[PDB]
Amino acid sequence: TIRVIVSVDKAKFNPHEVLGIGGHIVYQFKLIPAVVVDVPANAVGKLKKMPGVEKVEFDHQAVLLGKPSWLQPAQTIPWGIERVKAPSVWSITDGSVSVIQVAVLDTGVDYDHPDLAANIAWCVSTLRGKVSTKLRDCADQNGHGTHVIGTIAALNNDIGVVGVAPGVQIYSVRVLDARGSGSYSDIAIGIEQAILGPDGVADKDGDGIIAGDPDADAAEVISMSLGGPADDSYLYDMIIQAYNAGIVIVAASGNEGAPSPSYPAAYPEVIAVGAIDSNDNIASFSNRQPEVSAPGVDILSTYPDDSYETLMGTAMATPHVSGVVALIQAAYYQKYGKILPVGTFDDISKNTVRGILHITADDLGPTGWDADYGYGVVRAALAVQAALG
């Protein structure tokens, strides 16, 4: 018995047919024409020949990308928050514009952390293909997700740390287990949950506007501090559906010093993030050819239970980027009645979130994009200035 993902002709496919072969429908995607199915191993040739079946992919593994670093009854500002020039922005916005949410697909959250809890707008889990809103399912069993969320969104108060966007609503989408391992099927159901939001229903309404749409509860940002080595059609499809809904996608480069990013970081519609240290040196583990980079060594942030921890990885850089896009779109929307388009890796203008990230980044190492830093270290305050000006 294996779990498999079947891409399909919606108008020629009958889901009950898998049952006649020892099969079970786990989840049917609403936004992509695919089904998550458990079948017998010997039954895979049968499934391929069934009506409406276009492709059968196997279910791969993605992993967490942050680990223990090297390395006060008060609030510390982590260095990395200062590196990306977040504090100065907070008098124009802290991200608490009501139509903006950042989705973080990870290991879950310590949902009642004193320094987090006022920003957890939704706490979900898609572990094992089962979407669960129960609090023992959505709870962080590892620590990692709690850490990445505190980096985007830790409350500005007199305890703990402070996030890049310390007023932003966060959706915590548990797609990784207690060991920070997750499967590609749970992770694509994660992206879809982040596009459907709480009420369960992409658009909603009309319209056909999803992200930045004040009647939707779709996220405007999907954050992935995770990576895998497989390239699967259905996962990249899902990626495309988020991008198409006008959602910015951000993912860790990978921690193997490999010559390129992991998946989904490597897709053209995702922002790959590499990791710098506090001396502006690229992390040695950082996978290359990222889109931008951000702090990712000796990162202090929230951690269960109701506590704090220092980690490193491109998993840590990633949420600094996600915070910066939250501040861009919250600022942009607070001034206009709308959000910027996502844009592309080749954008060098004001008119796109990605082009904004590109042109306002602190350009390190060789002039221009390079394989260590991408376009550079990302700066909230120049970015937002470019957003609004």
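One-based numbering along the sequence shown.
- Per the record, residue 71 and residue 72 are separated by 4 to 9 deposited residues that are missing from the model.
- The question of which stretch, 334-342 or 44-52, has the higher mean Cα B factor is settled in favour of 44-52.
- Just going by the entry, 194-202 versus 243-251 on mean CA temperature factor gives the higher value to 194-202.
- You'll see in the entry that, of 256, 280, 291, 137, the Cα B factor peaks at 137.
- In this PDB entry, residue 306 carries a Cα temperature factor that places it within the middle third of its chain's modelled residues.
- For residue 133, the recorded CA B-factor ranks within the highest third of the chain. Only modelled residues enter the ranking.
- For residue 209, the recorded CA temperature factor ranks within the highest third of the chain's modelled residues.
- In the PDB entry, residue 61 places in the highest third of its chain by CA B-factor.
- Residue 144: CA B factor lies in the lowest third for its chain, per the PDB record.
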